[PDB]
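The form solved without ligand NAD is given below as one chain in structure tokens.
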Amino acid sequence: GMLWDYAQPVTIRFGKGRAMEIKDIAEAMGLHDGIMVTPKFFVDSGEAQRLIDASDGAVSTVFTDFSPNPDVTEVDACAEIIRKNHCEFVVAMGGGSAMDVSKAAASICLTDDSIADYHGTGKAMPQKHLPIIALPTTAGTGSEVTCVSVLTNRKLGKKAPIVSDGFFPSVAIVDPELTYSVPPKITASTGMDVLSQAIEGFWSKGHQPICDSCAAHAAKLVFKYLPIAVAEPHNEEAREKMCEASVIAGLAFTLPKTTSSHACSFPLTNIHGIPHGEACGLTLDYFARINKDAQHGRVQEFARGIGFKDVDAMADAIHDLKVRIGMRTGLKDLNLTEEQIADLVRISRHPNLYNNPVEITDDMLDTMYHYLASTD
């Protein structure tokens, strides 16, 4: 007998060109003077102004002063801009960073505190917030359907997530046109993020059947369309299918949580500069073979459902995909020392590691990292 809780409060508006529907949402909610939180890139490309003009006054303010890893100071500056301009809703347009700034700011602007007071301090967030409209511009982190904001405190050397039900966007507009300009290398890494979220969401010990269905759907799309999107950045079908996979994989992993590849990805990114998606993909087929017979055949059933003979064939396809799109298959070029490998082993023991269906021991991590350290 299974027990699970399923809650997915975000409304998804999917479709090419639908980023122009910000006005519709604001009008339906009776809100004015929105603030758009977006990286400077979309100001320079005229995308921001295009969407601002389309809002016919619904959005009045733009905030771009945040970093790819957002800081609590940038959230606090964003919240003060909200107060000064009396903003009633937040349009988060960008990758994970813009969305995580927006979730935090939309809550804290209603108070006179700093976001740091709730950053890892164990203190629960206030729950009243400005409505958030999230417009992902990559495919993707899936952040547009999560209630998590990952921030850093640079002055305090701390990086922790903040979880609050008030962080769920009200509407996610998933518009594939906003991804057409993502460069091939970033398309590849963000695509591997989707595939990792889907596969790990399915085989997590916290698996539940609705997320299972989303995971299989998204994974199948990535194998077919990710090579097309990397090789043909203006192939509209492949971009649309990657955006479909991205948002649905977001629905797949949010509740079951991720597992071994995500646990290992954090030191690969933070210490060695490997982008998140590529870092997840580095271990994805390795752990797939470890997990092949887990849960009385569930993963084999998954592999067959998305079109492979078995898990080993899916693992081969993961490797082949990585090679085709230029994602790391090894770490030999890092010339890792034994001390560095021991650091990877130690820091990879993250709570997510325990969601893997097979126990991943320290000796297994040591074996994996020595394997990667001697593989191109």
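So that there is no doubt, residue numbering starts at 1 and follows the sequence shown.
Separately, the form solved in complex with ligand NAD exists; it is not shown, and the next lines address it.
Put simply, of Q300, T283, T137, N291 only one has a heavy atom within 4.5 Å of ligand NAD in the entry with it bound, and it is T137.
Checking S143, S204, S246, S261 against ligand NAD in the entry with it bound, a heavy atom within 4.5 Å turns up for just one residue: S143. Partner contact region in the entry with it bound: 183-191, out of 183-191, 211-219, 108-116, 226-234, criterion any non-hydrogen atom within 4.5 Å of ligand NAD. Contact annotation: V150 falls within 4.5 Å of ligand NAD in the entry with it bound, judged by heavy atom distances. In the entry with it bound, no heavy atom of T329 sits within 4.5 Å of ligand NAD.
Within this chain, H129 is remote from the site of ligand NAD in the entry with it bound, having no heavy atom within 4.5 Å.
Ligand NAD in the entry with it bound is approached by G96, whose closest heavy atom lies within 4.5 angstroms of it.
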